[PDB]
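Colleague: Experimental structure below, sequence on top.
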Amino acid sequence: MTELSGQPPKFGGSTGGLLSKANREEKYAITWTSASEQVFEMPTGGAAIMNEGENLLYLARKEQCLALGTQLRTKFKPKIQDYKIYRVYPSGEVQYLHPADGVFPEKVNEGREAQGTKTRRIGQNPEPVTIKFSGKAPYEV
Amino acid sequence: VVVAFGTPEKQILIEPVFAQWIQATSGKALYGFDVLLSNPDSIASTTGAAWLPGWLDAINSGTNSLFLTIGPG
Amino acid sequence: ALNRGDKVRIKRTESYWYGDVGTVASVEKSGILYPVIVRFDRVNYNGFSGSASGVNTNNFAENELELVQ
Amino acid sequence: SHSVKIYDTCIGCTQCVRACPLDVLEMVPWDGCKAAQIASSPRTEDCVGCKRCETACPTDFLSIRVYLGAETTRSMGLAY
Amino acid sequence: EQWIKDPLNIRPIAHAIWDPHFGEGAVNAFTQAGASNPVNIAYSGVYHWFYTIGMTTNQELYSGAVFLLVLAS
Amino acid sequence: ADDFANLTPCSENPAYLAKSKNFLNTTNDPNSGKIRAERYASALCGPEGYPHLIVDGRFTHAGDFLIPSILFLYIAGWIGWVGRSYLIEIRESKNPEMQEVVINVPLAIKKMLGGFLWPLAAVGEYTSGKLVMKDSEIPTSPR
Amino acid sequence: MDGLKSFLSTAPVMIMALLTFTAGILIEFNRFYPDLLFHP
Amino acid sequence: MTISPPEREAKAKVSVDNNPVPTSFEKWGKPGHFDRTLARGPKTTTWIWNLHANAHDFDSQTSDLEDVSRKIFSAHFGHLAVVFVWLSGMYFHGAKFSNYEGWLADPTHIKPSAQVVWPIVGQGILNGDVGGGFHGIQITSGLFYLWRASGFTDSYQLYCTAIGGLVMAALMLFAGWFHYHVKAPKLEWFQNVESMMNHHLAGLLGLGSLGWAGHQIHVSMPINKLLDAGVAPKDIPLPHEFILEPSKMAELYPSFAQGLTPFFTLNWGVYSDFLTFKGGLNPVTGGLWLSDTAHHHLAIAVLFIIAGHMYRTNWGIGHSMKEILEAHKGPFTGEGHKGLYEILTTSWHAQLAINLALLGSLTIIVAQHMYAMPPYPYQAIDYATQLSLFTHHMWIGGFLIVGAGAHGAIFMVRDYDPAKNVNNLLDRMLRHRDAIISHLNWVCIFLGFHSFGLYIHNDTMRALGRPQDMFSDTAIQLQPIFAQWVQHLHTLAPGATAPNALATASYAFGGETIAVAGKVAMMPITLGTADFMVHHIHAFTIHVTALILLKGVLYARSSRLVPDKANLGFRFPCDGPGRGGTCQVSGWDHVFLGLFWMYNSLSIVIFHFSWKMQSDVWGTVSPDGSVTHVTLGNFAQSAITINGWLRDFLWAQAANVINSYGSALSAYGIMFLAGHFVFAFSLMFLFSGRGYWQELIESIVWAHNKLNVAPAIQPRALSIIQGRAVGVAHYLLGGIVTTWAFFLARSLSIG
Ligand code: CLA
Ligand code: CLA
Ligand code: CLA
Ligand code: CLA
Ligand code: CLA
Ligand code: CLA
Ligand code: CLA
Ligand SMILES: CCCCCCCCCCCCCCCC(=O)OC[C@H](COP(=O)(O)OC[C@@H](O)CO)OC(=O)CCCCCCCCCCCCCCC
Ligand SMILES: CC1=C(/C=C/C(C)=C/C=C/C(C)=C\C=C\C=C(C)\C=C\C=C(C)\C=C\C2=C[C@@H](C)[C@H](O)CC2(C)C)C(C)(C)C[C@@H](O)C1
Ligand SMILES: CC1=C(/C=C/C(C)=C\C=C\C(C)=C/C=C/C=C(C)/C=C/C=C(C)/C=C/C2=C(C)C(=O)CCC2(C)C)C(C)(C)CCC1
Ligand SMILES: CC1=C(C/C=C(\C)CCC[C@H](C)CCC[C@H](C)CCCC(C)C)C(=O)c2ccccc2C1=O
Ligand code: SF4
Ligand code: SF4
Ligand SMILES: [Cl-]
């Protein structure tokens, strides 16, 4: 969020990358360190080469960044788990996104507040007729 | 298949006896059931109703669509 | 009140096995909402499209099991 | 944005979060199950509604539920 | 009014055709039912209905149409 | 009396007679058409000359539906009963799905050969409580 | 061996054997007694 | 341990493993043994379907490339044995259930038949009277014409051929068993692509056509020379008599008096009486001159044998295909063909995609070349055989092409390694897939508007009483002037740019009207406005099919919508109702849609063929010289509107199909209705989804549990993918069977 660093992956270009949304609306960044210069698959099509050391790459969506991240941590002989994903606005604001609290979300970490939790079963949702003409749905109450 | 092979006589042609009997209950004498209105000796016909002659004349004439004759088709 | 080997009928309504019968595998300790583990001969619908079978075990609470045996 | 709810039948197997391709969900401490953990959905603004989480759920009918809602650029999965 | 004179041999008319795409063949083909301009033949059974009702002139139909204008208002 | 007046016996119907003098040979027997004509001349024909089957239940036309109905029902109840019986017998064999996919030929033949008594078997299972199950013991979906 | 008997008792082989037997039954019956629209 | 032969290698690159898989029957009784997700047994009915779905998916069974290769090799042997059984069955029915000799004695007054139907339940009527007291089903496969061109004259030769075919099937089956179980060749052996190409060029295709040139010269040509001269088939010597008595050849071909010396001294012209370049057709039979086809096979053999020497094997001479490929790179295409040799020598699916594409295209080329240059005696006059062969080869080609799309997609998902494709042709294709597909999309839109839209314009103009505003030969003309120009070039060629040819390569391009008996075999096929419009329909439908399948391959790994599609596989239903809905993104679903579009394309191609040949080519010719066509030249004025195709083609020509009851064609009406029913039936599977059916099954399972009759193998609704597969299979089956019954009734009822 200070200033993103890292070399761009060695890549000859493609038609599958950023469009107008990137400058008008929002784009996404993913950084990661690699112990070696090596080939990886671009989520936007084709092969690219990551540099030895730090790497910084811009993509159009959060999902493309997370797909690249899964590829990094599950498809290289020594894993790459230090990748960071940010949201970037045209104003220049950079919003750190992933991993949210410095710990991957699959494993418990202290300090997280439950969101969207219900203290009931799915079968214990109320009848819709009981909540009609309100703004809610049985899972929102 | 039975008509294709040149034996149209081997079809399963079920006569619609139920609806024909029903038509006969309203005066239709074509099928020869003679039930209720189709039977002059019946009490439903011996009522003196002002509509029975016209209804019978309209239903026993094969010139309208009133209770059209029916077959296996 | 349940023990391993008990035949129970499911009463959760929304569960795949409501009205069907399973067998108790283990009973978890107190403080847990759904401690009774039940196994079933008939798998449920669980699985991505085209998967061969499904899940045949689920956790319940005692009020949701009816002892048959 | 879509809605994602987590009910108390959660066994905390973490497959919810492992399946999410957009990091909507988290494992947070809890006490209802043996694993002492439950799934949470703090980032539903990035949810697209692919339903992978529920496809991963083992409990008899899901402990995680995704109800598709107001469509945005993010929820429609748009790269443009 | 014409179709009243001979309702078994005259084809009742729905409305007039006005289509600049037409050529000579279609103009001649749709100038039918005794009309001088292209026309469509009505199959809504509306002539028989209005005639059995008791209407016999274009004046009565026009008055009914204007009255329904007022009713809609 | 004058019932079924719309129809006439095929031996009376002249269109049937004309067409039956031309009944084709369905097999190798050069008399198959002639046997067909003789056989169908007993039913009731229509104005076109084809036989019409009366299935309102009168026994004079019992051969038009009642007898084949009885025959089919015996055979179909047989098939269903022996199949259900084999299906029940598999359940006590630890892995019933395999014998549903890989048939136990000796057991299945034993079950098939004993199907001629399926009406009495079904009556006994009805009285004994084996045939039908209770509602409260059958899985159902939310209402 | 037991494998060949098990393969010969699989659902597709068994159903095609039953179907072939029933086909033969019906074919031969209609060869020796054809054109039975009803029961005389 | 089974049979143990010596060894059988002679300083060869042959390498095998002895007895890797013992022969055994146990797994025959263990269905699903090959899939770990299936071996335990079923629990739901889905288990059954997948057992058939994955039976040949050798990749998904083992990760070992060598074992996959071995399975494929033995499967190929088994498939060849199946084809041998089928072909020997054809020859056996020709020997024992055909009127072949009777047809041979008089092929202008008898219809070929080679299937006799047993008399049962009235179906004996299908044994139509085909001439000479023979009663059976009229065949349209052209078997009689092939057998006459080959020089068959007797039932016993066909019977001997059927026995040889059965022995060949047994040999292929034993070879498959032997090379899977006894001596399984190593992966190193399969990857010898240079040697395999040398052998398939010089040995399979070269020696094949060489031996066939031998048979044509020694058996086909003298026997047909005598057959067309009016000699009765019984008076003609047996094939081996021309080889025992060379004077027979020498009097049929004086060059034989000189023997083989002119061959070895490059004095080939002496052979000009039996190695010919006549062109045109045989006036007696309407087919290509057998001498022309023998000279053709000789030259093709020389060509292929020469070709079989390009690649290096054990002797330093020859080419490395890897080197050639690596040398072809340019300023526009990065590293070029680097990596292609490794792809096509480690990926079975890549090879299969190439080979399916080319083999389908070839089958189509075969249909197109055989209709206009009829190679067999009396095939062109048999309009039913002509139509049937054209359409059959069309459909086979289309299916093979769609399969090529399927296996390009499977390669992309399963075998593509991005570390082995850095800045090569495949990589750059992936890197501008968007440009490729957006442009193909636009070309399809343009081609549809300016082909089908022209038909809609014409329909609307004709309905409006405005014939002068139509696209037609008599109004606003769309002349295909380039095709006309090339036809003229072909017609002038025998006298200029093909001097040593006497006639045209095909009379469709122009020239005389070759007629045998009273019917035309071939005549100039003129091209006008309706032909222009339908050719652009063809270009449009082909482009749309290509769009679908090419998009399927290029986006199988990822898209902007789904950037991890590769992890989802080649075959999968979607990725959920999210992202607006992602149904049918898989490569499999692109194949599923391309099937429908290929069916569309080919239906139009074959309808075009049928109508144009019936209207402007086929017909009967008077002794005065004039020609009268089957549908009286109606194509030019009627094929330019959709109403014209609906009325003058479909409606008019369907009269034979729908009136076939009461005759030997009745089965064609039966199967016409059958195809219609199957087409309608497919719409249930295509227009719905499995959730509804799973709930309906829930209710029915309740019914079964009520009487204690529910199965242990729980019924499940079909999967999403399987719903689509069933729907498309039934759609294609029903539509194709409909067109088949229609075509056969028509072409058999038109003289
Ligand atoms: C699905 C409804 C249906 C029904 C109602 C029928 C009915 C009939 N069809 Mg048809 N058919 C159908 C569909 C149907 N078909 C379809 C879809 C097709 C297209 C393929 C055909 C095409 C077709 C043809 C071409 C022909 C028929 C024929 C017949 C008749 C022959 C009956 C017979 O064989 O005698 C009775 C047969 C038996 C009794 C033998 C059955 C085997 C039993 C089980 C033997 C075992 C005996 C067992 C011990 C029971 C004995 C009694 C026991 C209690 C002691 C019959 C009325 C034939 C005919 O003659 O038409 C009039 C005929 O040629 N059908
Ligand atoms: C009686 C001789 C025999 C015996 C007992 C075996 C034994 C075995 N084979 Mg082998 N094999 C044989 C002949 C035989 N094979 C032949 C002739 C071929 C050449 C096609 C092969 C090629 C071969 C391959 C490539 C593979 C095996 C495999 C196997 C094992 C599993 C078989 C299975 O899945 O169930 C039995 C399955 C069937 C009987 C299939 C049903 C028949 C199909 C559906 C249609 C018939 C096609 C047929 C092959 C050719 C047509 C005959 C023609 C007259 C029309 C098994 C131990 C598999 C293996 O190793 O498992 C890991 C393996 O992948 N075999
Ligand atoms: C290759 C394709 C092919 C095709 C499609 C046909 C088609 C046909 N042939 Mg022909 N034939 C062929 C090849 C073929 N043949 C070959 C290669 C030969 C040389 C051996 C012959 C020799 C031949 C003769 C001599 C005759 C025919 C006849 C016929 C017709 C009658 C078919 C019939 O009633 O079968 C009969 C049906 C059976 C014998 C029962 C089949 C039993 C099945 C398989 C039961 C399946 C279940 C069982 C468990 C088997 C499973 C295997 C197990 C190991 C799991 C028919 C249209 C007849 C004909 O032309 O009529 C005038 C006739 O007489 N064929
Ligand atoms: C001149 C040598 C030669 C010939 C004739 C063939 C021919 C063939 N190969 Mg083979 N191949 C060869 C060398 C050869 N190969 C070598 C050296 C290698 C190692 C690199 C391979 C490795 C290879 C593989 C991996 C595969 C093939 C396959 C095939 C078959 C598929 C094409 C087809 O079906 O066509 C038409 C089919 C026919 C004409 C049927 C006839 C087949 C018989 C057995 C050939 C008999 C000819 C023989 C030389 C005797 C002639 C002498 C005399 C009678 C005149 C085909 C029959 C594929 C196959 O189908 O596997 C079985 C397969 O997958 N080849
Ligand atoms: C595979 C296909 C095939 C088969 C097996 C045959 C088989 C046969 N042919 Mg045939 N033929 C074929 C293709 C084939 N031919 C083709 C493509 C042509 C067109 C060119 C011909 C045209 C043809 C003619 C005109 C004749 C035959 C003849 C024969 C028969 C005797 C020839 C022989 O083999 O003696 C053995 C051959 C030799 C011993 C050759 C030695 C003679 C020369 C001098 C040796 C030179 C070889 C040397 C390496 C080259 C250097 C020469 C240079 C230094 C000057 C024989 C059964 C003859 C026959 O019997 O008629 C019925 C005959 O007259 N054929
Ligand atoms: C030499 C050609 C060739 C080769 C060997 C392969 C090989 C393979 N293909 Mg491919 N493909 C081909 C051509 C070929 N294909 C063609 C022509 C098409 C276009 C239709 C496709 C489209 C295609 C798709 C979409 C898929 C494959 C798949 C597969 C793999 C699994 C095979 C299978 O499905 O098992 C078993 C086969 C069956 C269960 C077929 C039964 C259903 C058929 C279609 C019924 C046909 C009806 C019959 C012809 C006429 C009606 C008769 C009826 C009335 C009784 C296998 C490795 C699958 C895969 O996952 O690849 C890894 C798959 O997804 N192929
Ligand atoms: C007759 C039915 C029909 C029609 C009209 C279409 C239409 C189209 N399909 Mg489609 N398709 C169909 C059936 C049909 N499909 C079915 C059953 C399937 C299931 C397999 C598919 C699956 C399918 C796929 C997978 C694809 C298509 C594609 C296309 C487009 C091809 C490009 C094109 O033709 O541009 C031009 C448009 C036309 C020729 C349509 C007719 C336009 C008329 C003649 C002029 C319009 C007059 C005017 C605008 C009227 C305005 C009125 C006013 C009041 C506003 C096209 C718009 C391909 C595509 O999108 O290519 C880019 C594509 O990939 N189809
Ligand atoms: C009826 C036909 C007459 C009408 C004329 C229509 C003109 C069509 C355009 C000309 C073809 C352009 C391709 C060659 C031009 C060509 O190959 O140049 C060569 C260039 C690559 O050359 P390299 O020097 O890199 O060669 C190295 C090789 O070894 C490969 O590594 O190709 C490209 O740049 C790729 C771009 C292709 C994208 C253009 C394709 C557009 C699709 C439409 C083409 C329609 C053709 C229909 C005919 C059947
Ligand atoms: C025993 C058996 C089973 C099950 C059997 C069960 C449980 C059956 C249950 C049946 C029920 C619950 C109800 C059945 C009702 C039947 C009715 C209402 C029949 C009505 C028929 C009429 C009115 C027929 C009339 C006509 C009479 C002949 C009266 C004329 O000419 C024609 C015609 C059509 C008028 C299985 C399934 C377990 C196994 C099978 O093999 C058989
Ligand atoms: C003071 C009064 C009385 C005197 C009443 C007098 C003096 C006149 C009464 C007239 C009345 C009471 C009703 C008249 C109704 C007419 C109606 C309602 C017309 C309805 C038409 C409709 C609805 C639409 C018709 C359509 C049109 C227009 C068409 O043209 C085509 C057909 C159709 C589409 C149907 C008496 C002393 C008796 C009783 C005491 C009160
Ligand atoms: C009807 C239907 C079903 C129900 C269809 C089912 C359950 C299949 C029933 C098949 C029966 C059990 C087999 C009958 C066909 C046999 C394969 C033929 C074998 C014949 C031999 C015995 C000779 C789906 O599951 C489905 C799923 C997705 C989209 C559409 C649909 C759909 O339309
Ligand atoms: S959402 Fe369900 S499957 Fe996922 S971790 Fe929670 S309880 Fe387990
Ligand atoms: S409708 Fe079916 S295929 Fe489409 S997204 Fe939903 S589940 Fe998937
Ligand atoms: Cl028209």
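Modeller: Ah, there it is. Numbers count the residues shown, from 1 in each chain, chains lettered A, B, ... in the order given. Ligands and ions are numbered 1, 2, ... in the order given.

Colleague: quick one, what contacts residue B:35?
Modeller: B:21, B:24, B:25, B:42 (CB atoms under 8 Å, 6 or more residues apart in numbering or on different chains). In this view, the C-beta of every residue, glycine as well, is placed from N, C-alpha and C.

Colleague: ok, those residues vs ligand 4, which is closest?
Modeller: residue B:21 (69.6 Å; CB to the nearest ligand atom).

Colleague: and after the host helix or strand of that closest one, which helix or strand comes next?
Modeller: Assigning secondary structure by DSSP states H and E places residue B:21 in helix B:17-24. Using DSSP H and E, the next helix or strand after helix B:17-24 towards the C-terminus is helix B:52-59.

Colleague: and chain H, which residues reach ligand 1?
Modeller: Within reach of ligand 1 by CB under 6 Å from any ligand atom, chain H has these residues: H:121, H:122.

Colleague: Tell me the residues of chain H that contact ligand 5?
Modeller: By CB under 6 Å from any ligand atom, the residues of chain H that approach ligand 5 are H:210-211, H:213-214, H:217, H:243, H:246, H:249, H:256, H:259-260, H:263-265, H:271, H:298.

Colleague: redo that, cut-off 5 Å
Modeller: Applying CB under 5 Å from any ligand atom, we find that chain H lies next to ligand 5 at H:210, H:211, H:213, H:214, H:246, H:249, H:256, H:259, H:263, H:264, H:298.

Colleague: now swap in chain E and tell me
Modeller: Remark: no part of chain E is in contact with ligand 5, using CB under 5 Å from any ligand atom.

Colleague: Residue F:5 is in contact with residue F:44, correct?
Modeller: No. If you go by CB atoms under 8 Å, residue F:44 and residue F:5 don't touch, sitting 10.9 Å apart.

Colleague: Over to the nearest residue to residue H:736 once chain neighbours are set aside. Which of the three states is it?
Modeller: Once flanking residues are discounted, residue H:736 sits nearest to residue H:395: 6.6 Å by CB to CB, 6 or more residues apart in numbering or on different chains. Taken by DSSP: H, G, I helix; E, B strand; the rest coil, the conformation at residue H:395 corresponds to helix.

Colleague: Tell me how many other residues crowd residue H:267.
Modeller: Burial measure for residue H:267: 11 neighbouring residues, criterion other CB atoms under 10 Å in any protein chain shown.

Colleague: How about the contacts made by it?
Modeller: For residue H:267, the contact set (CB under 8 Å, 6+ apart) comprises residue H:261.

Colleague: Return the residues of chain H in contact with ligand 11.
Modeller: H:684, H:685, H:688, H:690, H:693, H:717, H:718, H:723.

Colleague: Which PyMOL command selects the buried ones in those?
Modeller: When burial is assessed using 16 or more other CB atoms under 10 Å in any protein chain shown, the buried subset of those is captured in PyMOL by this command:
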select buried, chain H and resi 685+690+693+717+718+723
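
Colleague: neighbour count winner among residue F:44 and residue F:5?
Modeller: Neighbours of residue F:44 and residue F:5, each counted by other CB under 10 Å, are more numerous for residue F:44; the result is 20 against 13.

Colleague: Show the contacting residues for the more buried one.
Modeller: Contacts for residue F:44 (CB under 8 Å, 6+ apart) come out as B:15, F:4, F:7, F:8, F:9, F:10, F:51, F:52, F:54.

Colleague: That one bridge partners, please.
Modeller: As for beta bridges, residue F:44 partners with residue F:9, residue F:52 under DSSP bridges.

Colleague: what residue lies at the spatial centre of chain D?
Modeller: residue D:25 (5.0 Å; CA atoms, centre = their mean).

Colleague: Hmm, that one is touching residue D:18, no?
Modeller: No. Shown here, residue D:25 and residue D:18 do not form a contact pair, counting by CB under 8 Å, at 9.3 Å.

Colleague: so how far is the host helix or strand of residue A:63 from its chain's centroid?
Modeller: Secondary structure assigned from DSSP H and E places residue A:63 in helix A:62-74. Taking CA atoms, centre = their mean, to the nearest Å, the mean C-alpha location of helix A:62-74 is offset from the chain mean by 7 Å.

Colleague: Export the helix or strand following that helix to PDB, keeping only CA atoms.
Modeller: Once the chain leaves helix A:62-74, the next helix or strand it forms, by DSSP H and E, is strand A:84-88. Only the C-alpha atoms of strand A:84-88 are listed here, as PDB (Å, rounded to 0.1, in the frame of the first residue of the first chain):
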ATOM      1  CA  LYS A  84       0.000 -10.800  -2.000                       C
ATOM      2  CA  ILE A  85      -3.000  -9.600  -3.900                       C
ATOM      3  CA  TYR A  86      -4.100  -5.900  -3.900                       C
ATOM      4  CA  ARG A  87      -7.000  -3.900  -5.300                       C
ATOM      5  CA  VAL A  88      -5.900  -0.700  -7.200                       C
END
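
Colleague: contacts for the helix holding residue A:63?
Modeller: Counting contacts by CB under 8 Å, 6+ apart, the residues touching helix A:62-74 from outside are A:28-30, A:32, A:40-44, A:57, A:59, A:79-81, A:83, A:85, A:87, A:97-98, D:21-23, D:46, D:48, D:74, D:77, D:79, H:558, H:563-564, H:567.

Colleague: any idea of the angle it forms with strand A:84-88?
Modeller: Relative orientation of helix A:62-74 with respect to strand A:84-88: 170 degrees, computed using axes from the mean of the first three to the mean of the last three CA atoms, to 10 degrees.

Colleague: Helix A:62-74: which residues count as buried?
Modeller: Neighbour-count burial for helix A:62-74 flags A:62, A:63, A:64, A:65, A:66, A:67, A:68, A:69, A:71, A:72 (criterion: 16+ other CB under 10 Å).

Colleague: Just give the nearest non-adjacent residue to the last one, would you?
Modeller: So that's residue A:72. Looking at residue A:72 with CB to CB, 6+ apart, the closest residue is residue A:80, at 3.9 Å.

Colleague: Quick check, the one you found in contact with residue A:30.
Modeller: No. Residue A:80 is not in contact with residue A:30 according to CB under 8 Å; the separation is 10.8 Å.

Colleague: the more surrounded of those two?
Modeller: A count of neighbours by other CB under 10 Å puts residue A:30 above the other of residue A:80 and residue A:30, at 26 against 21.

Colleague: any idea what the more buried one is structurally, helix, strand or coil?
Modeller: For residue A:30, the reduced secondary structure class is strand; criterion used: three-state DSSP.

Colleague: check contacts around the nearest residue to residue A:51 once chain neighbours are set aside.
Modeller: What sits nearest to residue A:51 in space, not counting adjacent residues and going by CB to CB, 6+ apart, is residue A:7, at 4.5 Å. In this structure, residue A:7 makes contact with A:51, A:53, A:54, A:55, A:56, judged by CB under 8 Å, 6+ apart.

Colleague: now, the most widely separated pair of these?
Modeller: Taking CB to CB, the two most distant members of those are A:53 and A:56; they sit 10.7 Å apart.

Colleague: what's around the nearest residue to residue A:115 once chain neighbours are set aside, how many residues?
Modeller: Of all residues not flanking residue A:115 in the chain, residue D:42 sits nearest, at 4.2 Å (CB to CB, 6+ apart). Per other CB under 10 Å, the neighbour tally for residue D:42 reads 18.
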